[PDB]
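Below is the file data_1.txt, which contains compact mmCIF, N, CA and C atoms.
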# COMPACT_ATOMS: atom_id res chain seq x y z
N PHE A 7 -54.87 175.59 99.16
CA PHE A 7 -56.15 175.77 98.49
C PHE A 7 -56.90 174.45 98.36
N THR A 8 -58.17 174.45 98.76
CA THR A 8 -59.00 173.26 98.72
C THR A 8 -60.11 173.45 97.69
N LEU A 9 -60.63 172.33 97.20
CA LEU A 9 -61.71 172.39 96.22
C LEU A 9 -62.99 172.96 96.83
N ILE A 10 -63.21 172.74 98.12
CA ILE A 10 -64.37 173.33 98.77
C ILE A 10 -64.23 174.85 98.82
N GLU A 11 -63.01 175.35 99.03
CA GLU A 11 -62.77 176.79 99.01
C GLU A 11 -63.16 177.39 97.66
N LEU A 12 -62.71 176.76 96.58
CA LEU A 12 -62.98 177.27 95.24
C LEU A 12 -64.44 177.11 94.84
N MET A 13 -65.08 176.03 95.27
CA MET A 13 -66.49 175.84 94.95
C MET A 13 -67.37 176.84 95.69
N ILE A 14 -67.01 177.17 96.94
CA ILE A 14 -67.73 178.23 97.65
C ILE A 14 -67.56 179.56 96.93
N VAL A 15 -66.35 179.83 96.43
CA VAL A 15 -66.12 181.07 95.68
C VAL A 15 -66.97 181.10 94.41
N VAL A 16 -67.04 179.97 93.70
CA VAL A 16 -67.85 179.91 92.48
C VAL A 16 -69.32 180.12 92.81
N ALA A 17 -69.80 179.50 93.88
CA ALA A 17 -71.20 179.67 94.28
C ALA A 17 -71.50 181.11 94.64
N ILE A 18 -70.60 181.77 95.37
CA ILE A 18 -70.82 183.16 95.76
C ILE A 18 -70.72 184.07 94.54
N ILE A 19 -69.88 183.71 93.57
CA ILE A 19 -69.82 184.47 92.32
C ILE A 19 -71.15 184.39 91.59
N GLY A 20 -71.71 183.18 91.52
CA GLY A 20 -73.01 183.02 90.88
C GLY A 20 -74.12 183.75 91.61
N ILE A 21 -74.08 183.72 92.95
CA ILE A 21 -75.09 184.40 93.75
C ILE A 21 -74.96 185.91 93.59
N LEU A 22 -73.73 186.42 93.56
CA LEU A 22 -73.51 187.86 93.40
C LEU A 22 -73.91 188.34 92.02
N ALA A 23 -73.91 187.44 91.04
CA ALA A 23 -74.54 187.71 89.75
C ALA A 23 -76.05 187.52 89.92
N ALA A 24 -76.78 187.44 88.81
CA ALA A 24 -78.22 187.22 88.80
C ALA A 24 -79.00 188.34 89.47
N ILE A 25 -78.35 189.44 89.82
CA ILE A 25 -79.05 190.59 90.38
C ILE A 25 -79.87 191.23 89.27
N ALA A 26 -81.19 191.26 89.44
CA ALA A 26 -82.07 191.77 88.40
C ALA A 26 -81.81 193.25 88.16
N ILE A 27 -81.72 193.62 86.89
CA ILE A 27 -81.50 195.00 86.47
C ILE A 27 -82.83 195.54 85.94
N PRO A 28 -83.48 196.46 86.64
CA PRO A 28 -84.76 196.99 86.15
C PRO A 28 -84.57 197.90 84.95
N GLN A 29 -85.70 198.29 84.36
CA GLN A 29 -85.68 199.19 83.22
C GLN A 29 -85.16 200.56 83.64
N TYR A 30 -84.34 201.17 82.79
CA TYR A 30 -83.77 202.48 83.07
C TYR A 30 -83.89 203.47 81.93
N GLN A 31 -84.22 203.04 80.71
CA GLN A 31 -84.33 203.98 79.60
C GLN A 31 -85.54 204.90 79.76
N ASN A 32 -86.57 204.45 80.48
CA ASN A 32 -87.73 205.31 80.72
C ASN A 32 -87.33 206.53 81.55
N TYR A 33 -86.48 206.33 82.55
CA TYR A 33 -86.02 207.44 83.38
C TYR A 33 -85.25 208.45 82.54
N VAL A 34 -84.36 207.96 81.67
CA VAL A 34 -83.58 208.85 80.82
C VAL A 34 -84.47 209.61 79.85
N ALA A 35 -85.46 208.93 79.26
CA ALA A 35 -86.37 209.60 78.34
C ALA A 35 -87.19 210.67 79.05
N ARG A 36 -87.69 210.36 80.25
CA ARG A 36 -88.46 211.35 81.00
C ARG A 36 -87.60 212.55 81.37
N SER A 37 -86.36 212.31 81.80
CA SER A 37 -85.47 213.41 82.14
C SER A 37 -85.15 214.25 80.91
N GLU A 38 -84.96 213.61 79.75
CA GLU A 38 -84.71 214.35 78.52
C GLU A 38 -85.90 215.22 78.15
N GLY A 39 -87.11 214.69 78.27
CA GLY A 39 -88.29 215.49 78.00
C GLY A 39 -88.42 216.67 78.94
N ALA A 40 -88.18 216.45 80.23
CA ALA A 40 -88.23 217.54 81.19
C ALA A 40 -87.18 218.60 80.90
N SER A 41 -85.97 218.16 80.54
CA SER A 41 -84.90 219.11 80.22
C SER A 41 -85.24 219.93 78.98
N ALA A 42 -85.79 219.29 77.95
CA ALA A 42 -86.18 220.02 76.75
C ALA A 42 -87.28 221.04 77.06
N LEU A 43 -88.29 220.63 77.83
CA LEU A 43 -89.37 221.55 78.16
C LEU A 43 -88.86 222.72 78.99
N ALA A 44 -87.98 222.46 79.96
CA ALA A 44 -87.40 223.54 80.74
C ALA A 44 -86.48 224.42 79.91
N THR A 45 -85.89 223.88 78.84
CA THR A 45 -85.06 224.70 77.97
C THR A 45 -85.90 225.65 77.13
N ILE A 46 -87.00 225.16 76.55
CA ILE A 46 -87.79 226.00 75.65
C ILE A 46 -88.89 226.78 76.36
N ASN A 47 -89.16 226.50 77.63
CA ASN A 47 -90.20 227.25 78.35
C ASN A 47 -89.88 228.73 78.49
N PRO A 48 -88.68 229.15 78.91
CA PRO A 48 -88.43 230.60 79.05
C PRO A 48 -88.51 231.36 77.74
N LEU A 49 -88.40 230.69 76.60
CA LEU A 49 -88.52 231.38 75.32
C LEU A 49 -89.92 231.92 75.08
N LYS A 50 -90.92 231.43 75.82
CA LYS A 50 -92.25 232.02 75.73
C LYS A 50 -92.25 233.46 76.23
N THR A 51 -91.50 233.73 77.30
CA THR A 51 -91.43 235.09 77.82
C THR A 51 -90.80 236.04 76.80
N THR A 52 -89.74 235.60 76.13
CA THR A 52 -89.07 236.46 75.16
C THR A 52 -90.00 236.82 74.01
N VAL A 53 -90.68 235.82 73.45
CA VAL A 53 -91.56 236.06 72.31
C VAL A 53 -92.71 236.97 72.70
N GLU A 54 -93.35 236.69 73.84
CA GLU A 54 -94.49 237.49 74.27
C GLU A 54 -94.08 238.92 74.57
N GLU A 55 -92.94 239.11 75.25
CA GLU A 55 -92.48 240.46 75.55
C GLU A 55 -92.13 241.22 74.28
N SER A 56 -91.45 240.57 73.33
CA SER A 56 -91.09 241.24 72.09
C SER A 56 -92.33 241.62 71.29
N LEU A 57 -93.33 240.74 71.25
CA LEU A 57 -94.57 241.07 70.57
C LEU A 57 -95.31 242.20 71.27
N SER A 58 -95.24 242.25 72.61
CA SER A 58 -95.90 243.31 73.35
C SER A 58 -95.27 244.67 73.05
N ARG A 59 -93.95 244.71 72.88
CA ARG A 59 -93.25 245.96 72.61
C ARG A 59 -93.30 246.36 71.14
N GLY A 60 -93.93 245.56 70.29
CA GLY A 60 -94.08 245.91 68.89
C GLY A 60 -93.05 245.32 67.96
N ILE A 61 -92.06 244.58 68.47
CA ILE A 61 -91.07 243.97 67.60
C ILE A 61 -91.76 242.96 66.70
N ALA A 62 -91.43 243.01 65.41
CA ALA A 62 -92.05 242.12 64.44
C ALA A 62 -91.72 240.67 64.75
N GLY A 63 -92.68 239.79 64.50
CA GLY A 63 -92.48 238.38 64.78
C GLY A 63 -91.34 237.78 63.97
N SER A 64 -91.18 238.23 62.73
CA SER A 64 -90.09 237.75 61.90
C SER A 64 -88.73 238.22 62.41
N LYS A 65 -88.70 239.23 63.28
CA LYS A 65 -87.46 239.75 63.83
C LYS A 65 -87.06 239.05 65.13
N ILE A 66 -87.88 238.14 65.64
CA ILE A 66 -87.57 237.39 66.85
C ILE A 66 -86.85 236.12 66.42
N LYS A 67 -85.54 236.10 66.58
CA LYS A 67 -84.71 234.97 66.18
C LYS A 67 -84.04 234.36 67.40
N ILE A 68 -83.27 233.30 67.17
CA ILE A 68 -82.56 232.59 68.22
C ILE A 68 -81.06 232.72 67.97
N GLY A 69 -80.33 233.14 68.99
CA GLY A 69 -78.90 233.31 68.88
C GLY A 69 -78.39 234.21 69.98
N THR A 70 -77.07 234.29 70.07
CA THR A 70 -76.41 235.11 71.06
C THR A 70 -76.08 236.51 70.55
N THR A 71 -76.48 236.85 69.33
CA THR A 71 -76.27 238.19 68.81
C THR A 71 -77.00 239.21 69.67
N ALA A 72 -76.33 240.33 69.94
CA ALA A 72 -76.89 241.38 70.77
C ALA A 72 -78.19 241.92 70.18
N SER A 73 -79.28 241.80 70.92
CA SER A 73 -80.57 242.26 70.43
C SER A 73 -80.60 243.79 70.38
N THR A 74 -81.08 244.32 69.25
CA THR A 74 -81.17 245.76 69.06
C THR A 74 -82.58 246.23 69.41
N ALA A 75 -82.88 247.49 69.11
CA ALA A 75 -84.21 248.02 69.40
C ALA A 75 -85.27 247.43 68.49
N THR A 76 -84.87 246.91 67.32
CA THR A 76 -85.82 246.34 66.37
C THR A 76 -85.74 244.82 66.28
N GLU A 77 -84.59 244.23 66.61
CA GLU A 77 -84.41 242.78 66.56
C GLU A 77 -84.20 242.24 67.96
N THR A 78 -84.76 241.06 68.22
CA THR A 78 -84.63 240.40 69.52
C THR A 78 -84.07 239.00 69.32
N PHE B 7 -34.50 140.57 102.34
CA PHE B 7 -35.87 140.73 101.85
C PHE B 7 -36.63 139.41 101.97
N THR B 8 -37.82 139.47 102.56
CA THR B 8 -38.67 138.31 102.75
C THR B 8 -39.92 138.43 101.89
N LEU B 9 -40.52 137.28 101.58
CA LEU B 9 -41.74 137.29 100.78
C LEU B 9 -42.90 137.93 101.53
N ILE B 10 -42.92 137.83 102.86
CA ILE B 10 -43.96 138.50 103.62
C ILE B 10 -43.80 140.02 103.52
N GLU B 11 -42.56 140.51 103.48
CA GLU B 11 -42.31 141.93 103.30
C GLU B 11 -42.89 142.42 101.98
N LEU B 12 -42.63 141.69 100.90
CA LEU B 12 -43.10 142.09 99.58
C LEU B 12 -44.60 141.93 99.43
N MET B 13 -45.18 140.90 100.04
CA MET B 13 -46.63 140.72 99.96
C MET B 13 -47.37 141.80 100.74
N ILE B 14 -46.82 142.23 101.88
CA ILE B 14 -47.41 143.35 102.60
C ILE B 14 -47.34 144.62 101.75
N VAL B 15 -46.23 144.82 101.04
CA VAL B 15 -46.10 145.98 100.16
C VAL B 15 -47.13 145.92 99.05
N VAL B 16 -47.33 144.74 98.46
CA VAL B 16 -48.31 144.59 97.39
C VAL B 16 -49.72 144.86 97.91
N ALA B 17 -50.03 144.34 99.10
CA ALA B 17 -51.35 144.58 99.69
C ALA B 17 -51.58 146.06 99.97
N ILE B 18 -50.56 146.75 100.49
CA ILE B 18 -50.72 148.17 100.78
C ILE B 18 -50.79 148.98 99.49
N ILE B 19 -50.12 148.52 98.43
CA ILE B 19 -50.25 149.17 97.13
C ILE B 19 -51.68 149.04 96.62
N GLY B 20 -52.26 147.85 96.74
CA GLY B 20 -53.64 147.66 96.33
C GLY B 20 -54.61 148.47 97.16
N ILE B 21 -54.36 148.56 98.47
CA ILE B 21 -55.23 149.33 99.35
C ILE B 21 -55.12 150.82 99.05
N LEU B 22 -53.90 151.30 98.78
CA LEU B 22 -53.69 152.71 98.46
C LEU B 22 -54.31 153.08 97.12
N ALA B 23 -54.47 152.10 96.23
CA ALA B 23 -55.29 152.27 95.04
C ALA B 23 -56.75 152.13 95.46
N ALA B 24 -57.64 151.97 94.49
CA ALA B 24 -59.07 151.78 94.72
C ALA B 24 -59.73 152.97 95.40
N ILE B 25 -59.02 154.09 95.55
CA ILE B 25 -59.62 155.30 96.10
C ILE B 25 -60.59 155.85 95.08
N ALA B 26 -61.87 155.93 95.45
CA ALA B 26 -62.89 156.37 94.52
C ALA B 26 -62.67 157.81 94.11
N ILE B 27 -62.77 158.08 92.81
CA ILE B 27 -62.61 159.41 92.25
C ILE B 27 -63.99 159.93 91.88
N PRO B 28 -64.52 160.92 92.58
CA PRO B 28 -65.86 161.43 92.26
C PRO B 28 -65.85 162.23 90.96
N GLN B 29 -67.05 162.59 90.53
CA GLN B 29 -67.21 163.39 89.32
C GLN B 29 -66.62 164.78 89.53
N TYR B 30 -65.93 165.29 88.51
CA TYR B 30 -65.31 166.61 88.58
C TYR B 30 -65.60 167.51 87.39
N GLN B 31 -66.12 166.98 86.29
CA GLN B 31 -66.40 167.82 85.13
C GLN B 31 -67.55 168.78 85.39
N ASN B 32 -68.47 168.42 86.29
CA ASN B 32 -69.56 169.32 86.64
C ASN B 32 -69.03 170.59 87.28
N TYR B 33 -68.03 170.46 88.16
CA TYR B 33 -67.44 171.63 88.80
C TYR B 33 -66.81 172.55 87.76
N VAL B 34 -66.07 171.97 86.81
CA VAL B 34 -65.42 172.76 85.77
C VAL B 34 -66.45 173.45 84.90
N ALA B 35 -67.52 172.74 84.53
CA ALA B 35 -68.56 173.35 83.70
C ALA B 35 -69.25 174.50 84.43
N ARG B 36 -69.56 174.31 85.72
CA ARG B 36 -70.19 175.38 86.49
C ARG B 36 -69.28 176.59 86.62
N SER B 37 -67.99 176.35 86.87
CA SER B 37 -67.04 177.46 86.96
C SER B 37 -66.91 178.18 85.63
N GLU B 38 -66.91 177.44 84.52
CA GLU B 38 -66.85 178.07 83.21
C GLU B 38 -68.07 178.93 82.95
N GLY B 39 -69.26 178.43 83.30
CA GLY B 39 -70.46 179.24 83.14
C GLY B 39 -70.43 180.50 83.98
N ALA B 40 -69.99 180.38 85.23
CA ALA B 40 -69.89 181.55 86.10
C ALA B 40 -68.88 182.55 85.55
N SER B 41 -67.74 182.07 85.05
CA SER B 41 -66.73 182.96 84.48
C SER B 41 -67.26 183.68 83.25
N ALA B 42 -67.96 182.96 82.37
CA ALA B 42 -68.53 183.60 81.19
C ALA B 42 -69.55 184.66 81.57
N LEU B 43 -70.44 184.34 82.52
CA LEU B 43 -71.45 185.31 82.93
C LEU B 43 -70.80 186.54 83.56
N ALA B 44 -69.78 186.34 84.40
CA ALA B 44 -69.08 187.47 84.99
C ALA B 44 -68.29 188.26 83.95
N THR B 45 -67.88 187.62 82.86
CA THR B 45 -67.19 188.34 81.80
C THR B 45 -68.14 189.23 81.01
N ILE B 46 -69.32 188.71 80.66
CA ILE B 46 -70.24 189.49 79.82
C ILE B 46 -71.21 190.35 80.62
N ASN B 47 -71.28 190.19 81.94
CA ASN B 47 -72.18 191.02 82.74
C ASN B 47 -71.84 192.50 82.70
N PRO B 48 -70.58 192.93 82.89
CA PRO B 48 -70.30 194.38 82.86
C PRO B 48 -70.58 195.03 81.52
N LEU B 49 -70.66 194.26 80.44
CA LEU B 49 -70.96 194.84 79.13
C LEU B 49 -72.38 195.39 79.06
N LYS B 50 -73.26 194.99 79.99
CA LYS B 50 -74.58 195.59 80.06
C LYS B 50 -74.49 197.07 80.42
N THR B 51 -73.58 197.42 81.33
CA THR B 51 -73.41 198.82 81.71
C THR B 51 -72.95 199.66 80.54
N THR B 52 -72.00 199.14 79.75
CA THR B 52 -71.49 199.90 78.61
C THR B 52 -72.58 200.18 77.59
N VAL B 53 -73.35 199.15 77.23
CA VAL B 53 -74.39 199.31 76.22
C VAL B 53 -75.47 200.28 76.71
N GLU B 54 -75.92 200.10 77.95
CA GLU B 54 -76.97 200.97 78.48
C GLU B 54 -76.50 202.41 78.59
N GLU B 55 -75.28 202.63 79.06
CA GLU B 55 -74.76 203.99 79.17
C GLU B 55 -74.61 204.63 77.79
N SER B 56 -74.08 203.88 76.82
CA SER B 56 -73.92 204.44 75.48
C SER B 56 -75.26 204.78 74.85
N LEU B 57 -76.26 203.92 75.05
CA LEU B 57 -77.60 204.22 74.53
C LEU B 57 -78.21 205.42 75.24
N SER B 58 -77.93 205.58 76.54
CA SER B 58 -78.46 206.72 77.28
C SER B 58 -77.87 208.03 76.77
N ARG B 59 -76.59 208.03 76.40
CA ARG B 59 -75.93 209.23 75.91
C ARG B 59 -76.20 209.51 74.44
N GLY B 60 -76.97 208.65 73.76
CA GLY B 60 -77.33 208.88 72.38
C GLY B 60 -76.47 208.19 71.35
N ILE B 61 -75.42 207.48 71.77
CA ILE B 61 -74.58 206.77 70.82
C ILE B 61 -75.40 205.70 70.12
N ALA B 62 -75.29 205.64 68.80
CA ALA B 62 -76.05 204.68 68.02
C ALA B 62 -75.69 203.25 68.41
N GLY B 63 -76.69 202.37 68.39
CA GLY B 63 -76.45 200.99 68.76
C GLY B 63 -75.46 200.30 67.84
N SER B 64 -75.50 200.64 66.55
CA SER B 64 -74.55 200.07 65.60
C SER B 64 -73.12 200.54 65.86
N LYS B 65 -72.95 201.62 66.62
CA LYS B 65 -71.63 202.16 66.93
C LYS B 65 -71.04 201.57 68.20
N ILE B 66 -71.79 200.73 68.91
CA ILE B 66 -71.29 200.08 70.12
C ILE B 66 -70.67 198.76 69.70
N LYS B 67 -69.34 198.72 69.66
CA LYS B 67 -68.60 197.54 69.24
C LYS B 67 -67.74 197.03 70.39
N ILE B 68 -67.03 195.94 70.13
CA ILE B 68 -66.17 195.29 71.12
C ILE B 68 -64.73 195.37 70.63
N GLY B 69 -63.85 195.86 71.49
CA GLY B 69 -62.45 195.99 71.14
C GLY B 69 -61.77 196.97 72.06
N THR B 70 -60.45 197.02 71.94
CA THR B 70 -59.63 197.92 72.74
C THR B 70 -59.37 199.26 72.07
N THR B 71 -59.96 199.50 70.90
CA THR B 71 -59.82 200.79 70.23
C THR B 71 -60.39 201.90 71.10
N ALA B 72 -59.68 203.02 71.16
CA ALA B 72 -60.10 204.15 71.98
C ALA B 72 -61.47 204.66 71.55
N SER B 73 -62.43 204.63 72.46
CA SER B 73 -63.78 205.08 72.13
C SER B 73 -63.81 206.59 71.95
N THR B 74 -64.44 207.04 70.87
CA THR B 74 -64.56 208.45 70.57
C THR B 74 -65.89 208.99 71.09
N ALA B 75 -66.22 210.22 70.73
CA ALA B 75 -67.49 210.81 71.17
C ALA B 75 -68.68 210.16 70.49
N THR B 76 -68.47 209.54 69.33
CA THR B 76 -69.56 208.90 68.59
C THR B 76 -69.51 207.38 68.62
N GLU B 77 -68.33 206.80 68.82
CA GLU B 77 -68.17 205.35 68.87
C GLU B 77 -67.75 204.92 70.27
N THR B 78 -68.27 203.78 70.71
CA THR B 78 -67.95 203.24 72.02
C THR B 78 -67.43 201.82 71.87
Would you put the structure from the file into structure tokens?
Amino acid sequence: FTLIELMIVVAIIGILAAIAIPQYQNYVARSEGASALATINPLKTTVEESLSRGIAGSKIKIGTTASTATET
Amino acid sequence: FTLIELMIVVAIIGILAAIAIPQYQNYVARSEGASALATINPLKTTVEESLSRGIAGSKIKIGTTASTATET
């Protein structure tokens, strides 16, 4: 092992560092907003259809309970 | 043993000395800086990933304790 060998390794370590890391939280925030909008968008169909069929607005709830003829 | 033998030995001892020693603390300092940067560089990934997944910034600590769903 020579000192030139180790100094070249140190220089290449420094060069391999310093790689600029761009902003990434904006991408995550935008994806979260898109996911939320895509999650709550189909619920417009449920509310509108239930209101069209006469189901009371107070009877339109959120859950996995089996919807009856009066509750959705 | 002759005096010329010993004087040649003394002269070669003096010649074998006087070898200039260049600066070396700069190399050690540069290697230490590179090692520190390479040590703390991967911690950027941990912090960014934990913040992306919603883990609170105050919950991102340093240690070998097993990270839970809320602490990293």
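Put simply, CA of residue 11 (chain A) is 25.6 Å away from CA of residue 24 (chain B).
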Using only N, CA and C atoms, I'd like every residue of chain B that has an atom within 7 Å of chain A; please write them out as a JSON list (two decimals) with N, CA and C atoms, in the frame of the given file.
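File written: selection_9.json
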[["chain", "number", "residue", "atom", "x", "y", "z"],
["B", 36, "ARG", "N", -69.56, 174.31, 85.72],
["B", 36, "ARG", "CA", -70.19, 175.38, 86.49],
["B", 36, "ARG", "C", -69.28, 176.59, 86.62],
["B", 37, "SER", "N", -67.99, 176.35, 86.87],
["B", 37, "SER", "CA", -67.04, 177.46, 86.96],
["B", 37, "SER", "C", -66.91, 178.18, 85.63],
["B", 40, "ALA", "N", -69.99, 180.38, 85.23],
["B", 40, "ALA", "CA", -69.89, 181.55, 86.10],
["B", 40, "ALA", "C", -68.88, 182.55, 85.55],
["B", 58, "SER", "N", -77.93, 205.58, 76.54],
["B", 58, "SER", "CA", -78.46, 206.72, 77.28],
["B", 58, "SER", "C", -77.87, 208.03, 76.77]]
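Coordinates place atom N of residue 51 (chain A) at a distance of 29.2 Å from atom N of residue 60 (chain B).
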When DSSP works through the backbone of this structure, what residues of chain A end up as helix (DSSP H, G or I), shown as a VMD selection string? chain A and resid 9 to 22 31 to 46 49 to 58 63 to 65
Please, what distance in Å, to one decimal, runs between CA of residue 42 (chain A) and CA of residue 70 (chain A)? 18.9 Å
Expected axis-aligned box over every listed atom of region 10-17 of chain B, 3 Å added per side, centre plus edges in Å to one decimal, as AutoDock Vina command-line options:
--center_x -46.9 --center_y 141.9 --center_z 100.5 --size_x 15.3 --size_y 14.2 --size_z 12.2
Can you pull out the residues contacting residue 77 (chain A)? Cut-off 7 Å, using only N, CA and C atoms, and skip same-chain residues under 6 positions away; I want them as a list in words. residues 61, 65, 66 and 67 of chain A
When you count only C-alpha atoms, which of these residues is closest to residue 64 (chain A): A:76, A:25, A:7, A:44? A:76
Regenerate region 20-35 of chain B at the level of N, CA, C and O atoms and dump it as a PDB file, in the coordinates of the input.
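Result file follows (selection.pdb):
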ATOM      1  N   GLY B  20     -52.260 147.850  96.740  1.00  0.00           N
ATOM      2  CA  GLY B  20     -53.640 147.660  96.330  1.00  0.00           C
ATOM      3  C   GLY B  20     -54.610 148.470  97.160  1.00  0.00           C
ATOM      4  O   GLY B  20     -55.589 149.018  96.638  1.00  0.00           O
ATOM      5  N   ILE B  21     -54.360 148.560  98.470  1.00  0.00           N
ATOM      6  CA  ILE B  21     -55.230 149.330  99.350  1.00  0.00           C
ATOM      7  C   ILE B  21     -55.120 150.820  99.050  1.00  0.00           C
ATOM      8  O   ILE B  21     -56.119 151.551  99.061  1.00  0.00           O
ATOM      9  N   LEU B  22     -53.900 151.300  98.780  1.00  0.00           N
ATOM     10  CA  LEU B  22     -53.690 152.710  98.460  1.00  0.00           C
ATOM     11  C   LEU B  22     -54.310 153.080  97.120  1.00  0.00           C
ATOM     12  O   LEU B  22     -54.621 154.248  96.881  1.00  0.00           O
ATOM     13  N   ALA B  23     -54.470 152.100  96.230  1.00  0.00           N
ATOM     14  CA  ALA B  23     -55.290 152.270  95.040  1.00  0.00           C
ATOM     15  C   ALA B  23     -56.750 152.130  95.460  1.00  0.00           C
ATOM     16  O   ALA B  23     -57.086 152.188  96.643  1.00  0.00           O
ATOM     17  N   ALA B  24     -57.640 151.970  94.490  1.00  0.00           N
ATOM     18  CA  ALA B  24     -59.070 151.780  94.720  1.00  0.00           C
ATOM     19  C   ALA B  24     -59.730 152.970  95.400  1.00  0.00           C
ATOM     20  O   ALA B  24     -60.899 152.880  95.793  1.00  0.00           O
ATOM     21  N   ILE B  25     -59.020 154.090  95.550  1.00  0.00           N
ATOM     22  CA  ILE B  25     -59.620 155.300  96.100  1.00  0.00           C
ATOM     23  C   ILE B  25     -60.590 155.850  95.080  1.00  0.00           C
ATOM     24  O   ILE B  25     -60.200 156.196  93.957  1.00  0.00           O
ATOM     25  N   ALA B  26     -61.870 155.930  95.450  1.00  0.00           N
ATOM     26  CA  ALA B  26     -62.890 156.370  94.520  1.00  0.00           C
ATOM     27  C   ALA B  26     -62.670 157.810  94.110  1.00  0.00           C
ATOM     28  O   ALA B  26     -62.400 158.677  94.951  1.00  0.00           O
ATOM     29  N   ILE B  27     -62.770 158.080  92.810  1.00  0.00           N
ATOM     30  CA  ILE B  27     -62.610 159.410  92.250  1.00  0.00           C
ATOM     31  C   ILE B  27     -63.990 159.930  91.880  1.00  0.00           C
ATOM     32  O   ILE B  27     -64.613 159.417  90.933  1.00  0.00           O
ATOM     33  N   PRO B  28     -64.520 160.920  92.580  1.00  0.00           N
ATOM     34  CA  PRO B  28     -65.860 161.430  92.260  1.00  0.00           C
ATOM     35  C   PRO B  28     -65.850 162.230  90.960  1.00  0.00           C
ATOM     36  O   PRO B  28     -64.809 162.504  90.364  1.00  0.00           O
ATOM     37  N   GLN B  29     -67.050 162.590  90.530  1.00  0.00           N
ATOM     38  CA  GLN B  29     -67.210 163.390  89.320  1.00  0.00           C
ATOM     39  C   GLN B  29     -66.620 164.780  89.530  1.00  0.00           C
ATOM     40  O   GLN B  29     -66.778 165.380  90.598  1.00  0.00           O
ATOM     41  N   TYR B  30     -65.930 165.290  88.510  1.00  0.00           N
ATOM     42  CA  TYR B  30     -65.310 166.610  88.580  1.00  0.00           C
ATOM     43  C   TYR B  30     -65.600 167.510  87.390  1.00  0.00           C
ATOM     44  O   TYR B  30     -65.338 168.714  87.483  1.00  0.00           O
ATOM     45  N   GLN B  31     -66.120 166.980  86.290  1.00  0.00           N
ATOM     46  CA  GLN B  31     -66.400 167.820  85.130  1.00  0.00           C
ATOM     47  C   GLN B  31     -67.550 168.780  85.390  1.00  0.00           C
ATOM     48  O   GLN B  31     -67.619 169.849  84.775  1.00  0.00           O
ATOM     49  N   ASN B  32     -68.470 168.420  86.290  1.00  0.00           N
ATOM     50  CA  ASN B  32     -69.560 169.320  86.640  1.00  0.00           C
ATOM     51  C   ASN B  32     -69.030 170.590  87.280  1.00  0.00           C
ATOM     52  O   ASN B  32     -69.519 171.694  86.993  1.00  0.00           O
ATOM     53  N   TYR B  33     -68.030 170.460  88.160  1.00  0.00           N
ATOM     54  CA  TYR B  33     -67.440 171.630  88.800  1.00  0.00           C
ATOM     55  C   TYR B  33     -66.810 172.550  87.760  1.00  0.00           C
ATOM     56  O   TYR B  33     -66.979 173.773  87.810  1.00  0.00           O
ATOM     57  N   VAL B  34     -66.070 171.970  86.810  1.00  0.00           N
ATOM     58  CA  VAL B  34     -65.420 172.760  85.770  1.00  0.00           C
ATOM     59  C   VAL B  34     -66.450 173.450  84.900  1.00  0.00           C
ATOM     60  O   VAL B  34     -66.292 174.627  84.546  1.00  0.00           O
ATOM     61  N   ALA B  35     -67.520 172.740  84.530  1.00  0.00           N
ATOM     62  CA  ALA B  35     -68.560 173.350  83.700  1.00  0.00           C
ATOM     63  C   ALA B  35     -69.250 174.500  84.430  1.00  0.00           C
ATOM     64  O   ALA B  35     -69.506 175.556  83.837  1.00  0.00           O
TER      65      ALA B  35
END
